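The chain below stands alone and is given as structure tokens, in the form deposited in one PDB entry.
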């Protein structure tokens, strides 16, 4: 994550729904905002969240009386994506894990914050012939909010990962916000190789599979794209090896394969998956952020998370718009 000198969100209160690691919290607090409520029902996510923020998020949002939620200016929510992801069954709103957006709407209807800041996977924008995105748009409009949505790729914002996500920013209409803009892309100057830990700290992640098939030669020049070098087994998810001179593939939460949830990388002549701390870095988390003691849970958590830097640029722009109040 980056340092933000001009704290555009100072004096603003926000809530951290589907909190996870608290990615939205890091991003908004870096702009000066204050978190006044957090919600996350996973046992291990609550533990790591508490480890880093000193609070245990409240459980199951579907059982929370929206009236008990503290007043706030901005509502943050990177809601569940298993039901919308290209990697899933795409049952969408029909999936028991796909109706969480309506809980968000329920809370918005009651608390009417100035801004609603949501995130989900790229496929969310095309799911069900665009009807899924349309439903969210119309729901927000019905609640009297504007609706700004765009898919942003983390590689365009200084983080070496091909993570494409749809970001939805909604402003309460009475605010008459007409100048919100998504951050402009800029040249990537950091690559996977730049975030790796020393070999001595990741030896246990090195695997030598006899069914390794290197399909492409290593590149010497860094490039802002994923560069597959080979595969193991049948080349499915978690069975693909990439160049550290390129960018990381999208980290996943329930991913399988031998290089599960992070993908495999060619590092100093050896093939290995990423260490949880490298996952943190690939997600824009500062080294000061404490990862969960269970490596399996840590991989899951970062795989479900958001790239801090991207949220920071968006948050700064939300604040920039909220603060432009000329006579």
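Residue numbers count along the first chain shown, from 1. Throughout, rigid core stands for the largest set of C-alpha atoms superposing within 1.5 Å between the two forms.
The same protein also exists as the form deposited in another entry; that form is not shown, yet it is the one meant from here on.
Participant: In a fit on the core, which one among 188, 152, 202, 81 has a Cα that moves 2 Å or more between this form and the one not shown?
Facilitator: Only 81 moves by 2 Å or more at its C-alpha.
Participant: With both forms fitted on the core, give yes or no for whether the Cα of residue 92 moves by 2 angstroms or more between this form and the one not shown.
Facilitator: Shift at residue 92: 2 Å or more after core fit.
Participant: Residue 83 and residue 278: their C-alpha distance differs by 3 angstroms or more in the other entry. Do they come closer or move farther apart compared with the shown form?
Facilitator: Farther apart, which means the C-alphas of residue 83 and residue 278 are at least 3 Å more distant in the other entry.
Participant: Report the direction of the Cα distance change between residue 93 and residue 147 in the other entry, compared with the displayed form, as closer or farther; the change is 3 Å or more.
Facilitator: Note: Cα gap between residue 93 and residue 147 shrinks in the other entry.
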